[PDB]
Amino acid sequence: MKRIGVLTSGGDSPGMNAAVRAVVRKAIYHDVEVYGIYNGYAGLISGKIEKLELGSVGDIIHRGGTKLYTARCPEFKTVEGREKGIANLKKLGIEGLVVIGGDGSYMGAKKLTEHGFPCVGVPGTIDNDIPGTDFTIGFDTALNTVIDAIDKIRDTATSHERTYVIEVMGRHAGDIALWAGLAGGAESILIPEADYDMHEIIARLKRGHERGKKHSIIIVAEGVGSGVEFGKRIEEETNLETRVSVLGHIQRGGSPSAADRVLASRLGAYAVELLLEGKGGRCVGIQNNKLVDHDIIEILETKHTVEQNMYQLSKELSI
């Protein structure tokens, strides 16, 4: 292989630039040309595609977002859109693709592999919800964004002796909520993977202000519901000054943590390695602190777990 393409799709995550940078530098190390495909899969159709040179990735490792941009491409799922896509690839003689992003995106990449264009998938999402990896690029950075906000809310909650409900992103996964709750010492944490009881939660909360906890923080993964809901249902059964904050899209942006930069660098180079190796339809990741890769289809079946032993601990440390 002498020429490959690279793109980012799904929700952007911090560390995507560091991955792109890694795919480019690693390929050029091996005398392979790399083409930046812009706007996710929507670039395979518009043909917005450009050679990426060394100087192209020379000031991005520390930058949030993706310099290739990202976009939803239903067009590409159609046989028509798909072949417009393939035709643009052949046209530039691109032989393989590294796809960086969500689990929506791993489908486009197995499709292309079956049509002669080997693709390797790279997990980019703050949600930490891609199978085949303990960790996705942007998770760690998200966590730091969250705890930073929580730390600031604790200052005001404490000064005013108020209780706060904080909604975190995560889509359908409780990892952000679970790790950020733990890390911020939240009185309770609500996540899709583990049962909660709202009465047990009020209870823990009255028996905190009894003993003189004046303030509390409750963490709610957006995958369980709305913080503005939980906050009111709480104000009712305690008649107690409650505030809600919905952190929102800040969780997505920002210069990536050291953890995410290293992860993106390691996985991006890894991906190129397998492409240049005759492997296609694989995704890479980190499992048990070891770099692994997997047949994509084998593991799109497998369902996501948080570590329950970590949820228990959050209960034991909140009392």
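The numbering used is simple: start at 1 and walk along the sequence shown.
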Per the entry, higher mean C-alpha B factor between 155-163 and 223-231: 223-231
199-207 or 98-106, whichever carries the higher mean Cα B-factor: 199-207
Residue selected from 92, 137, 240, 244 by maximal Cα B factor: 240
Member of 50, 277, 293, 260 with the greatest C-alpha B factor (per the PDB record): 277
Chain third (lowest, middle, highest) by recorded CA B-factor, residue given as residue 180: lowest
Position of residue 127 among the chain's modelled residues by C-alpha B-factor, lowest, middle or highest third: lowest
Relative C-alpha B-factor of residue 141, binned into the chain's lowest, middle or highest third: lowest
Modelled-residue ranking by C-alpha temperature factor, third containing residue 79: highest
Modelled-residue ranking by C-alpha temperature factor, third containing residue 87: highest
